[PDB]
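A.B. asks: To be precise about what I am sending: the file is called coords.csv and holds CSV, C-alpha atoms.
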chain,number,residue,atom,x,y,z
A,4,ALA,CA,-71.0,-17.9,42.5
A,5,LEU,CA,-69.3,-16.4,45.6
A,6,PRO,CA,-66.6,-17.5,48.0
A,7,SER,CA,-67.9,-20.2,50.3
A,8,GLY,CA,-66.7,-22.1,53.4
A,9,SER,CA,-65.2,-20.9,56.6
A,10,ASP,CA,-64.3,-17.3,57.2
A,11,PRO,CA,-60.6,-16.5,56.7
A,12,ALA,CA,-58.6,-16.0,59.8
A,13,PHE,CA,-58.1,-12.4,61.0
A,14,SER,CA,-54.6,-11.0,60.8
A,15,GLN,CA,-55.2,-8.9,63.9
A,16,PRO,CA,-56.0,-10.1,67.4
A,17,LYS,CA,-59.6,-9.8,68.4
A,18,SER,CA,-58.8,-7.4,71.2
A,19,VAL,CA,-57.4,-5.0,68.6
A,20,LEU,CA,-60.5,-5.4,66.3
A,21,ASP,CA,-62.7,-5.1,69.4
A,22,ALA,CA,-60.9,-1.9,70.4
A,23,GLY,CA,-62.0,-0.3,67.1
A,24,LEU,CA,-65.7,-0.8,67.7
A,25,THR,CA,-67.7,1.8,69.6
A,26,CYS,CA,-71.5,2.2,70.2
A,27,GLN,CA,-73.1,5.5,71.3
A,28,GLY,CA,-74.5,4.9,74.8
A,29,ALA,CA,-74.3,1.1,74.8
A,30,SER,CA,-71.9,-1.8,75.0
A,31,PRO,CA,-71.2,-3.8,71.8
A,32,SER,CA,-72.2,-7.0,73.7
A,33,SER,CA,-75.6,-5.5,74.9
A,34,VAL,CA,-77.0,-3.0,72.3
A,35,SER,CA,-80.5,-2.3,71.2
A,36,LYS,CA,-81.3,-1.9,67.5
A,37,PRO,CA,-77.6,-1.3,66.4
A,38,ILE,CA,-76.5,0.1,63.1
A,39,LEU,CA,-72.9,-0.2,61.9
A,40,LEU,CA,-71.5,2.9,60.4
A,41,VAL,CA,-68.3,2.5,58.3
A,42,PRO,CA,-66.4,5.7,57.6
A,43,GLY,CA,-64.5,6.7,54.4
A,44,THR,CA,-60.9,7.0,53.4
A,45,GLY,CA,-58.8,9.3,55.6
A,46,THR,CA,-61.3,9.6,58.4
A,47,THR,CA,-62.5,7.8,61.5
A,48,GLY,CA,-66.1,6.8,62.4
A,49,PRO,CA,-67.0,9.9,64.4
A,50,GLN,CA,-65.4,12.1,61.7
A,51,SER,CA,-67.7,10.7,59.1
A,52,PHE,CA,-71.0,10.5,60.9
A,53,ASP,CA,-71.0,12.9,63.9
A,54,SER,CA,-72.5,15.6,61.7
A,55,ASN,CA,-74.9,13.4,59.9
A,56,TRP,CA,-76.0,9.8,60.3
A,57,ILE,CA,-75.0,9.3,64.0
A,58,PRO,CA,-77.7,11.8,65.0
A,59,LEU,CA,-80.0,10.9,62.1
A,60,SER,CA,-80.0,7.1,62.8
A,61,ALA,CA,-80.4,7.8,66.5
A,62,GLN,CA,-83.6,9.8,65.7
A,63,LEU,CA,-84.9,6.9,63.7
A,64,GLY,CA,-84.5,4.6,66.8
A,65,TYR,CA,-81.1,3.0,66.1
A,66,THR,CA,-78.1,2.8,68.4
A,67,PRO,CA,-75.2,4.4,66.5
A,68,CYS,CA,-72.3,2.1,66.3
A,69,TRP,CA,-69.1,2.5,64.2
A,70,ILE,CA,-65.6,1.3,63.5
A,71,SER,CA,-62.5,3.4,63.3
A,72,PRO,CA,-59.8,1.3,61.7
A,73,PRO,CA,-56.3,2.9,62.2
A,74,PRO,CA,-55.0,5.0,60.8
A,75,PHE,CA,-58.0,6.9,59.5
A,76,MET,CA,-59.0,4.1,57.0
A,77,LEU,CA,-55.6,4.7,55.3
A,78,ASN,CA,-54.2,1.3,55.9
A,79,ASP,CA,-54.7,-1.9,53.9
A,80,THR,CA,-58.4,-2.2,53.0
A,81,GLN,CA,-58.3,-6.0,53.7
A,82,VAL,CA,-57.4,-5.2,57.4
A,83,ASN,CA,-60.1,-2.5,57.7
A,84,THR,CA,-62.6,-5.2,56.7
A,85,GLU,CA,-61.5,-7.3,59.6
A,86,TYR,CA,-62.9,-4.6,61.9
A,87,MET,CA,-66.2,-4.7,60.1
A,88,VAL,CA,-66.6,-8.5,60.1
A,89,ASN,CA,-65.7,-8.7,63.8
A,90,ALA,CA,-68.0,-5.8,64.6
A,91,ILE,CA,-71.0,-7.4,62.8
A,92,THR,CA,-70.5,-10.7,64.7
A,93,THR,CA,-70.2,-8.8,68.0
A,94,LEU,CA,-73.3,-6.6,67.3
A,95,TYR,CA,-75.3,-9.6,65.9
A,96,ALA,CA,-74.9,-11.5,69.1
A,97,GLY,CA,-74.9,-8.3,71.2
A,98,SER,CA,-78.4,-7.5,70.0
A,99,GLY,CA,-79.9,-11.0,70.7
A,100,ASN,CA,-78.8,-12.7,67.5
A,101,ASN,CA,-80.7,-10.3,65.3
A,102,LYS,CA,-79.7,-8.9,61.9
A,103,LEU,CA,-78.4,-5.3,61.8
A,104,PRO,CA,-78.1,-2.6,59.1
A,105,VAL,CA,-74.8,-1.3,57.7
A,106,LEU,CA,-74.5,2.3,56.4
A,107,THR,CA,-71.3,3.4,54.8
A,108,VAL,CA,-69.5,6.2,52.9
A,109,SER,CA,-66.7,6.1,50.4
A,110,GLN,CA,-64.3,3.2,51.1
A,111,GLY,CA,-66.8,2.0,53.7
A,112,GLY,CA,-69.0,0.7,51.0
A,113,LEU,CA,-66.1,-1.0,49.4
A,114,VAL,CA,-65.2,-2.5,52.8
A,115,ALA,CA,-68.8,-3.8,53.3
A,116,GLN,CA,-69.0,-5.6,50.0
A,117,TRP,CA,-65.5,-7.0,50.4
A,118,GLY,CA,-66.4,-8.5,53.8
A,119,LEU,CA,-69.7,-10.0,52.4
A,120,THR,CA,-67.7,-11.5,49.5
A,121,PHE,CA,-65.0,-13.3,51.4
A,122,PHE,CA,-66.4,-13.7,54.9
A,123,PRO,CA,-69.5,-15.9,54.4
A,124,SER,CA,-70.5,-16.0,58.1
A,125,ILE,CA,-71.8,-12.4,58.1
A,126,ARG,CA,-74.1,-12.9,55.2
A,127,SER,CA,-76.9,-14.1,57.5
A,128,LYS,CA,-76.2,-11.2,60.0
A,129,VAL,CA,-76.6,-8.1,57.8
A,130,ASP,CA,-80.2,-7.4,56.8
A,131,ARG,CA,-79.4,-4.6,54.4
A,132,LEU,CA,-76.6,-2.3,53.2
A,133,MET,CA,-77.0,1.5,52.6
A,134,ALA,CA,-73.9,2.6,50.7
A,135,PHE,CA,-73.2,6.3,50.0
A,136,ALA,CA,-70.8,7.0,47.2
A,137,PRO,CA,-69.2,3.5,47.3
A,138,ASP,CA,-66.2,2.8,45.0
A,139,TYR,CA,-66.6,-0.9,44.2
A,140,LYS,CA,-64.5,-0.3,41.0
A,141,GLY,CA,-62.2,2.1,42.7
A,142,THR,CA,-61.7,5.5,41.1
A,143,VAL,CA,-60.0,6.8,38.0
A,144,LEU,CA,-59.3,10.2,39.6
A,145,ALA,CA,-55.7,10.2,40.8
A,146,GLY,CA,-54.8,11.8,44.1
A,147,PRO,CA,-54.2,15.5,44.2
A,148,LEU,CA,-50.6,15.0,43.0
A,149,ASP,CA,-50.1,11.6,44.5
A,150,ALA,CA,-47.8,10.3,41.8
A,151,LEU,CA,-44.2,11.2,42.9
A,152,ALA,CA,-44.5,10.5,46.7
A,153,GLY,CA,-46.7,7.4,46.6
A,154,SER,CA,-50.0,7.0,48.3
A,155,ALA,CA,-51.6,5.4,51.3
A,156,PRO,CA,-52.2,1.6,51.1
A,157,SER,CA,-56.0,2.1,50.9
A,158,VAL,CA,-55.5,4.7,48.2
A,159,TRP,CA,-53.5,2.2,46.1
A,160,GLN,CA,-56.3,-0.3,46.4
A,161,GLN,CA,-59.0,2.2,45.5
A,162,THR,CA,-57.3,3.0,42.2
A,163,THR,CA,-59.1,1.7,39.1
A,164,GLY,CA,-57.4,-1.5,38.0
A,165,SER,CA,-55.9,-2.3,41.3
A,166,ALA,CA,-55.4,-5.9,42.4
A,167,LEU,CA,-58.0,-5.4,45.1
A,168,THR,CA,-60.7,-4.0,42.9
A,169,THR,CA,-59.8,-6.7,40.3
A,170,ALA,CA,-60.2,-9.5,42.9
A,171,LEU,CA,-63.6,-8.2,44.2
A,172,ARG,CA,-65.0,-8.1,40.7
A,173,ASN,CA,-63.6,-11.5,39.6
A,174,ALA,CA,-64.9,-13.1,42.8
A,175,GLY,CA,-68.5,-12.1,42.0
A,176,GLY,CA,-68.5,-9.1,44.3
A,177,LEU,CA,-70.1,-6.6,41.9
A,178,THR,CA,-73.5,-8.4,42.5
A,179,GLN,CA,-75.3,-7.6,45.7
A,180,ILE,CA,-75.1,-10.2,48.5
A,181,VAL,CA,-77.6,-8.6,50.9
A,182,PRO,CA,-80.3,-6.0,50.0
A,183,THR,CA,-78.1,-3.1,48.9
A,184,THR,CA,-78.9,0.5,48.1
A,185,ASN,CA,-76.2,2.6,46.4
A,186,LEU,CA,-76.6,6.4,46.4
A,187,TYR,CA,-74.1,8.2,44.3
A,188,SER,CA,-73.7,11.2,41.9
A,189,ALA,CA,-72.2,11.9,38.6
A,190,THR,CA,-70.6,15.0,40.1
A,191,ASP,CA,-68.5,12.9,42.6
A,192,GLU,CA,-65.1,14.6,42.6
A,193,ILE,CA,-63.4,11.6,44.3
A,194,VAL,CA,-65.1,8.5,42.9
A,195,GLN,CA,-65.4,8.2,39.1
A,196,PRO,CA,-66.7,7.1,36.7
A,197,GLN,CA,-70.2,7.7,37.9
A,198,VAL,CA,-71.8,9.3,34.8
A,199,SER,CA,-73.4,6.3,33.0
A,200,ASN,CA,-76.3,5.3,35.4
A,201,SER,CA,-75.3,1.8,34.4
A,202,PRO,CA,-72.9,-1.0,35.5
A,203,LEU,CA,-70.1,1.2,34.2
A,204,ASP,CA,-70.4,3.3,37.4
A,205,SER,CA,-68.1,2.5,40.3
A,206,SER,CA,-71.0,2.5,42.8
A,207,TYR,CA,-73.2,0.1,40.7
A,208,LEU,CA,-74.1,-3.3,42.1
A,209,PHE,CA,-76.1,-5.8,40.0
A,210,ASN,CA,-79.6,-6.4,41.5
A,211,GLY,CA,-79.0,-3.5,43.9
A,212,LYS,CA,-81.0,-0.3,44.3
A,213,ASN,CA,-78.6,1.9,42.4
A,214,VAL,CA,-79.7,5.5,42.8
A,215,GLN,CA,-77.8,8.0,40.7
A,216,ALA,CA,-78.8,11.5,41.9
A,217,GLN,CA,-79.0,12.9,38.4
A,218,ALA,CA,-81.3,10.0,37.3
A,219,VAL,CA,-83.8,11.1,40.0
A,220,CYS,CA,-83.1,14.9,40.1
A,221,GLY,CA,-82.1,15.8,36.6
A,222,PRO,CA,-79.0,15.8,34.4
A,223,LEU,CA,-77.9,19.3,35.7
A,224,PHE,CA,-78.3,18.3,39.3
A,225,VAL,CA,-75.0,18.8,41.2
A,226,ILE,CA,-74.1,17.0,44.4
A,227,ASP,CA,-70.5,16.4,45.4
A,228,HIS,CA,-68.9,13.5,47.3
A,229,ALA,CA,-69.6,14.8,50.8
A,230,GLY,CA,-73.1,15.8,49.8
A,231,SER,CA,-73.8,12.2,48.6
A,232,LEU,CA,-73.7,11.3,52.3
A,233,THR,CA,-75.1,14.4,54.1
A,234,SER,CA,-77.7,15.8,51.8
A,235,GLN,CA,-81.4,16.0,52.5
A,236,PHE,CA,-81.8,13.9,49.3
A,237,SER,CA,-79.4,11.3,50.8
A,238,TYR,CA,-81.3,11.3,54.1
A,239,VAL,CA,-84.6,10.6,52.2
A,240,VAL,CA,-83.1,7.8,50.2
A,241,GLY,CA,-81.2,6.3,53.2
A,242,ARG,CA,-84.2,6.6,55.5
A,243,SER,CA,-86.3,4.8,52.8
A,244,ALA,CA,-83.7,2.0,52.6
A,245,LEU,CA,-83.7,1.5,56.4
A,246,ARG,CA,-87.5,1.5,56.7
A,247,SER,CA,-88.2,-0.8,53.8
A,248,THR,CA,-89.5,-4.3,54.2
A,249,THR,CA,-87.5,-5.3,51.1
A,250,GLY,CA,-84.2,-4.1,52.4
A,251,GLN,CA,-83.8,-1.5,49.5
A,252,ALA,CA,-84.8,2.1,49.1
A,253,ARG,CA,-88.2,2.4,47.5
A,254,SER,CA,-88.8,4.7,44.5
A,255,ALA,CA,-92.2,5.7,46.0
A,256,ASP,CA,-90.5,7.1,49.1
A,257,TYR,CA,-88.5,9.8,47.3
A,258,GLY,CA,-89.0,12.1,44.4
A,259,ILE,CA,-87.9,15.2,42.6
A,260,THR,CA,-89.3,17.3,45.6
A,261,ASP,CA,-86.6,15.7,47.8
A,262,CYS,CA,-83.7,16.8,45.5
A,263,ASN,CA,-81.9,19.0,48.1
A,264,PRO,CA,-78.0,18.7,48.0
A,265,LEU,CA,-77.6,20.7,51.2
A,266,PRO,CA,-77.3,18.9,54.5
A,267,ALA,CA,-80.3,17.1,55.9
A,268,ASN,CA,-83.1,19.4,57.1
A,269,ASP,CA,-83.3,17.6,60.5
A,270,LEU,CA,-79.7,18.5,61.4
A,271,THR,CA,-79.1,21.4,63.8
A,272,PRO,CA,-77.4,24.5,62.5
A,273,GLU,CA,-74.1,23.4,64.1
A,274,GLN,CA,-74.4,20.0,62.4
A,275,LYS,CA,-75.1,21.4,58.9
A,276,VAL,CA,-71.9,23.5,59.1
A,277,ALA,CA,-70.0,20.6,60.5
A,278,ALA,CA,-71.4,18.4,57.7
A,279,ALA,CA,-70.0,20.8,55.1
A,280,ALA,CA,-66.5,20.2,56.5
A,281,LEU,CA,-66.8,16.4,56.2
A,282,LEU,CA,-63.7,15.9,54.0
A,283,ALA,CA,-61.4,18.2,56.1
A,284,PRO,CA,-59.6,15.2,57.7
A,285,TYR,CA,-59.6,13.5,54.3
A,286,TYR,CA,-57.8,16.4,52.7
A,287,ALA,CA,-55.1,16.4,55.4
A,288,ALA,CA,-54.7,12.6,55.0
A,289,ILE,CA,-54.0,12.6,51.3
A,290,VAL,CA,-51.4,15.4,51.5
A,291,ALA,CA,-49.8,14.7,54.8
A,292,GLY,CA,-50.8,11.1,55.7
A,293,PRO,CA,-48.9,7.8,55.5
A,294,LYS,CA,-47.7,6.7,52.1
A,295,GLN,CA,-46.1,3.6,50.5
A,296,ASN,CA,-44.7,2.8,47.1
A,297,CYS,CA,-46.7,-0.3,46.1
A,298,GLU,CA,-50.2,-1.8,46.4
A,299,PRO,CA,-50.4,-4.1,49.4
A,300,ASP,CA,-50.3,-7.8,48.7
A,301,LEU,CA,-53.6,-9.7,48.5
A,302,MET,CA,-54.5,-12.0,51.3
A,303,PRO,CA,-54.5,-15.7,50.5
A,304,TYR,CA,-58.3,-15.9,50.3
A,305,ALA,CA,-58.5,-13.1,47.7
A,306,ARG,CA,-55.1,-13.7,45.9
A,307,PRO,CA,-56.5,-16.2,43.3
A,308,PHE,CA,-59.0,-13.7,41.9
A,309,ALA,CA,-56.5,-11.1,40.6
A,310,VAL,CA,-53.9,-13.1,38.6
A,311,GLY,CA,-51.6,-10.8,36.6
A,312,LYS,CA,-51.8,-7.7,38.8
A,313,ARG,CA,-48.7,-6.4,40.5
A,314,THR,CA,-48.5,-5.8,44.3
A,315,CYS,CA,-45.6,-5.2,46.7
A,316,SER,CA,-44.4,-8.7,46.4
A,317,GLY,CA,-44.7,-8.8,42.6
A,318,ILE,CA,-47.1,-10.4,40.1
A,319,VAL,CA,-49.8,-12.5,41.8
A,320,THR,CA,-48.8,-15.6,39.7
As structure tokens, please, write out the structure in this file.

C.D. replies:
Amino acid sequence: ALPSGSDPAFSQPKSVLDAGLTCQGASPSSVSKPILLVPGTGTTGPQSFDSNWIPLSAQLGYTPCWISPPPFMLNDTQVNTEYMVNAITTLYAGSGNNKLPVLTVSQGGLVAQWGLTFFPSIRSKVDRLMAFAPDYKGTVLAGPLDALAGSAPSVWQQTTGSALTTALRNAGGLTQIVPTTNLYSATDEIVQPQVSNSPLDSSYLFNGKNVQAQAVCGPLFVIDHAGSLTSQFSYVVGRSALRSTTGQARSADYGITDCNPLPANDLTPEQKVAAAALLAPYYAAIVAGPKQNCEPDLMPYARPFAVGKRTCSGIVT
């Protein structure tokens, strides 16, 4: 079972949410073959995909579109999802009422499944989801000394055992809602645990196409968080998920010969070097970005699914 009924109301005006959506070389209301790219924590849309999937999806025939929820995905994850839901509705109608793919990284995958869980209207508008290193269960790795100064709202909510991650799980959000592919690695230095190749991993979704790099490439295969998005292996897996008639990556489309953790071969030399510096804005955000001293309160639609957890207002019930 999943949440049903009308979409919850947005807490932000539509002009604010519309302001966060951009398409490369096209208007959101008139776009050909759009793809929604959702960035990770501590970054904007261009910062996550300029070096990788904005050019890679454009070469595959898509119009790169993205959201950049302020500030740098560090604010309340529930509010970042409003940008995605509004963008999908806009891009669905903007492309002649046709389904569009969604490709994410880091918190972006958590944002995608959160929207599909609690905003039922977009379930018939997303044809597939290609999530790179998503943290559906949050992460057990604390911030690089983010325990005496607090952390960003989105960092609170991405901690294992948070009210947000609890509510997503309890609402049935750990089962895929659209055809979903999850590409992750046991060597992820930001999102853990990922070492079980099982529902214990943070990126695992039941009935999804869960691709742990070590399961395909070997137990000693190393590929970090940024590589999980930009690698040639990730391109092969992602390109398979986008081309597939089932909506999921196909095991026949990739193999041990594609196990390259370096940036995708099709990227230009400037793009590969830029892809290696993917987390540079993320590093700045965790050390010098906004911080608060409690996990943001749950919105009314998600509050009933995390009874017992403490947020800024107190205990849910």

A.B. asks: Identify, on the basis of all atoms listed in the file, every residue whose closest approach to residue 143 of chain A does not exceed 10 Å; exclude the query and any residue fewer than 5 positions from it along the same chain; express the result as a list in words.

C.D. replies: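 Returned residues: residues 161, 162, 163, 164, 193, 194, 195, 196 and 205 of chain A.
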
A.B. asks: Please determine the residues with any atom at most 9 Å from (-85.8, 16.1, 47.3) (coordinates as given in the file, with only C-alpha atoms counting) and report them as JSON, numbers by chain.

C.D. replies: {"A": [220, 235, 236, 237, 239, 257, 258, 259, 260, 261, 262, 263, 264]}

A.B. asks: Would you pick out the contacts of residue 270 of chain A at 9 Å or less, using only C-alpha atoms, so that residues sharing its chain but fewer than 2 positions from it are not included, and give the list as a list in words?

C.D. replies: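 The residues satisfying every condition are residues 54, 55, 58, 59, 266, 267, 268, 272, 273, 274 and 275 of chain A.
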
A.B. asks: Could you save the residues just selected, with C-alpha atoms, as a CSV table (one decimal), in the frame of the given file?

C.D. replies:
chain,number,residue,atom,x,y,z
A,54,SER,CA,-72.5,15.6,61.7
A,55,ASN,CA,-74.9,13.4,59.9
A,58,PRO,CA,-77.7,11.8,65.0
A,59,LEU,CA,-80.0,10.9,62.1
A,266,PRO,CA,-77.3,18.9,54.5
A,267,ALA,CA,-80.3,17.1,55.9
A,268,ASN,CA,-83.1,19.4,57.1
A,272,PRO,CA,-77.4,24.5,62.5
A,273,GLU,CA,-74.1,23.4,64.1
A,274,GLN,CA,-74.4,20.0,62.4
A,275,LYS,CA,-75.1,21.4,58.9

A.B. asks: Which of these, A:290, A:103, A:29, A:88, has the shortest distance to residue 10 of chain A once you count all atoms listed in the file?

C.D. replies: A:88

A.B. asks: For segment 51-53 of chain A, work out the shell of residues within 9 Å, counting all atoms listed in the file and skipping chain neighbours fewer than 5 positions away, then give it as a PDB file with C-alpha atoms, in the coordinates of the input.

C.D. replies:
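New file part25.pdb:
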ATOM      1  CA  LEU A  40     -71.500   2.900  60.400  1.00  0.00           C
ATOM      2  CA  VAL A  41     -68.300   2.500  58.300  1.00  0.00           C
ATOM      3  CA  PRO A  42     -66.400   5.700  57.600  1.00  0.00           C
ATOM      4  CA  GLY A  43     -64.500   6.700  54.400  1.00  0.00           C
ATOM      5  CA  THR A  46     -61.300   9.600  58.400  1.00  0.00           C
ATOM      6  CA  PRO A  58     -77.700  11.800  65.000  1.00  0.00           C
ATOM      7  CA  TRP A  69     -69.100   2.500  64.200  1.00  0.00           C
ATOM      8  CA  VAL A 108     -69.500   6.200  52.900  1.00  0.00           C
ATOM      9  CA  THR A 233     -75.100  14.400  54.100  1.00  0.00           C
ATOM     10  CA  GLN A 274     -74.400  20.000  62.400  1.00  0.00           C
ATOM     11  CA  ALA A 277     -70.000  20.600  60.500  1.00  0.00           C
ATOM     12  CA  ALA A 278     -71.400  18.400  57.700  1.00  0.00           C
ATOM     13  CA  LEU A 281     -66.800  16.400  56.200  1.00  0.00           C
ATOM     14  CA  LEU A 282     -63.700  15.900  54.000  1.00  0.00           C
TER      15      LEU A 282
END

A.B. asks: Expressed in Å to a single decimal, how great is the separation between atom CA of residue 140 of chain A and atom CA of residue 167 of chain A?

C.D. replies: 9.2 Å

A.B. asks: Name the residues in contact with residue 304 of chain A at a cut-off of 7 Å, using all atoms listed in the file, excluding same-chain residues fewer than 2 positions from it; report them as a PDB file with C-alpha atoms, keeping the file's coordinate frame.

C.D. replies:
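Below is the file that was written, around_17.pdb:
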ATOM      1  CA  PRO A  11     -60.600 -16.500  56.700  1.00  0.00           C
ATOM      2  CA  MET A 302     -54.500 -12.000  51.300  1.00  0.00           C
ATOM      3  CA  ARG A 306     -55.100 -13.700  45.900  1.00  0.00           C
TER       4      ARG A 306
END

A.B. asks: Would you mind listing what lies within 12 Å of residue 316 of chain A as a list in words, with only C-alpha atoms counted and same-chain residues fewer than 5 positions away left out?

C.D. replies: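 Everything that qualifies: residues 296, 297, 298, 299, 300, 301, 302 and 306 of chain A.
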
A.B. asks: Go through A:45, A:72, A:8, A:37 one by one, measure the shortest atom-to-atom distance of each to residue 22 of chain A using only C-alpha atoms, and give the residue with the smallest value.

C.D. replies: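 For residue 22 of chain A, the nearest of the candidates is A:72.
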
A.B. asks: Supply segment 23-40 of chain A as a PDB file, in the coordinates of the input, with N, CA and C atoms built in where the input has gaps.

C.D. replies:
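Listed below is the output, part_23.pdb:
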ATOM      1  N   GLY A  23     -61.525  -1.191  68.099  1.00  0.00           N
ATOM      2  CA  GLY A  23     -62.000  -0.300  67.100  1.00  0.00           C
ATOM      3  C   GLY A  23     -63.459  -0.093  66.943  1.00  0.00           C
ATOM      4  N   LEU A  24     -64.256  -0.809  67.732  1.00  0.00           N
ATOM      5  CA  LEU A  24     -65.700  -0.800  67.700  1.00  0.00           C
ATOM      6  C   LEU A  24     -66.259   0.012  68.848  1.00  0.00           C
ATOM      7  N   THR A  25     -67.124   0.987  68.576  1.00  0.00           N
ATOM      8  CA  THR A  25     -67.700   1.800  69.600  1.00  0.00           C
ATOM      9  C   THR A  25     -69.223   1.971  69.296  1.00  0.00           C
ATOM     10  N   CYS A  26     -70.062   1.909  70.328  1.00  0.00           N
ATOM     11  CA  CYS A  26     -71.500   2.200  70.200  1.00  0.00           C
ATOM     12  C   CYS A  26     -71.807   3.407  71.089  1.00  0.00           C
ATOM     13  N   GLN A  27     -72.698   4.267  70.600  1.00  0.00           N
ATOM     14  CA  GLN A  27     -73.100   5.500  71.300  1.00  0.00           C
ATOM     15  C   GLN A  27     -74.054   5.056  72.451  1.00  0.00           C
ATOM     16  N   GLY A  28     -73.617   5.209  73.700  1.00  0.00           N
ATOM     17  CA  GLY A  28     -74.500   4.900  74.800  1.00  0.00           C
ATOM     18  C   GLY A  28     -74.829   3.498  75.070  1.00  0.00           C
ATOM     19  N   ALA A  29     -74.003   2.568  74.597  1.00  0.00           N
ATOM     20  CA  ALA A  29     -74.300   1.100  74.800  1.00  0.00           C
ATOM     21  C   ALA A  29     -72.989   0.367  74.591  1.00  0.00           C
ATOM     22  N   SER A  30     -72.956  -0.823  75.188  1.00  0.00           N
ATOM     23  CA  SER A  30     -71.900  -1.800  75.000  1.00  0.00           C
ATOM     24  C   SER A  30     -72.100  -2.633  73.782  1.00  0.00           C
ATOM     25  N   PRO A  31     -71.043  -2.960  73.032  1.00  0.00           N
ATOM     26  CA  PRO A  31     -71.200  -3.800  71.800  1.00  0.00           C
ATOM     27  C   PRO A  31     -71.865  -5.144  72.145  1.00  0.00           C
ATOM     28  N   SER A  32     -71.658  -5.671  73.353  1.00  0.00           N
ATOM     29  CA  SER A  32     -72.200  -7.000  73.700  1.00  0.00           C
ATOM     30  C   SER A  32     -73.640  -6.880  74.246  1.00  0.00           C
ATOM     31  N   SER A  33     -74.193  -5.671  74.406  1.00  0.00           N
ATOM     32  CA  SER A  33     -75.600  -5.500  74.900  1.00  0.00           C
ATOM     33  C   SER A  33     -76.096  -4.176  74.290  1.00  0.00           C
ATOM     34  N   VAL A  34     -76.553  -4.226  73.042  1.00  0.00           N
ATOM     35  CA  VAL A  34     -77.000  -3.000  72.300  1.00  0.00           C
ATOM     36  C   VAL A  34     -78.337  -3.279  71.700  1.00  0.00           C
ATOM     37  N   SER A  35     -79.176  -2.244  71.721  1.00  0.00           N
ATOM     38  CA  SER A  35     -80.500  -2.300  71.200  1.00  0.00           C
ATOM     39  C   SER A  35     -80.624  -1.658  69.848  1.00  0.00           C
ATOM     40  N   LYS A  36     -81.110  -2.406  68.862  1.00  0.00           N
ATOM     41  CA  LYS A  36     -81.300  -1.900  67.500  1.00  0.00           C
ATOM     42  C   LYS A  36     -80.008  -1.237  66.971  1.00  0.00           C
ATOM     43  N   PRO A  37     -78.887  -1.951  66.893  1.00  0.00           N
ATOM     44  CA  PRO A  37     -77.600  -1.300  66.400  1.00  0.00           C
ATOM     45  C   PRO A  37     -77.635  -1.088  64.943  1.00  0.00           C
ATOM     46  N   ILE A  38     -76.830  -0.110  64.539  1.00  0.00           N
ATOM     47  CA  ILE A  38     -76.500   0.100  63.100  1.00  0.00           C
ATOM     48  C   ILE A  38     -75.007   0.353  63.034  1.00  0.00           C
ATOM     49  N   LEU A  39     -74.361  -0.366  62.121  1.00  0.00           N
ATOM     50  CA  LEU A  39     -72.900  -0.200  61.900  1.00  0.00           C
ATOM     51  C   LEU A  39     -72.648   0.816  60.880  1.00  0.00           C
ATOM     52  N   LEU A  40     -71.925   1.859  61.273  1.00  0.00           N
ATOM     53  CA  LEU A  40     -71.500   2.900  60.400  1.00  0.00           C
ATOM     54  C   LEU A  40     -70.049   2.785  60.067  1.00  0.00           C
TER      55      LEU A  40
END
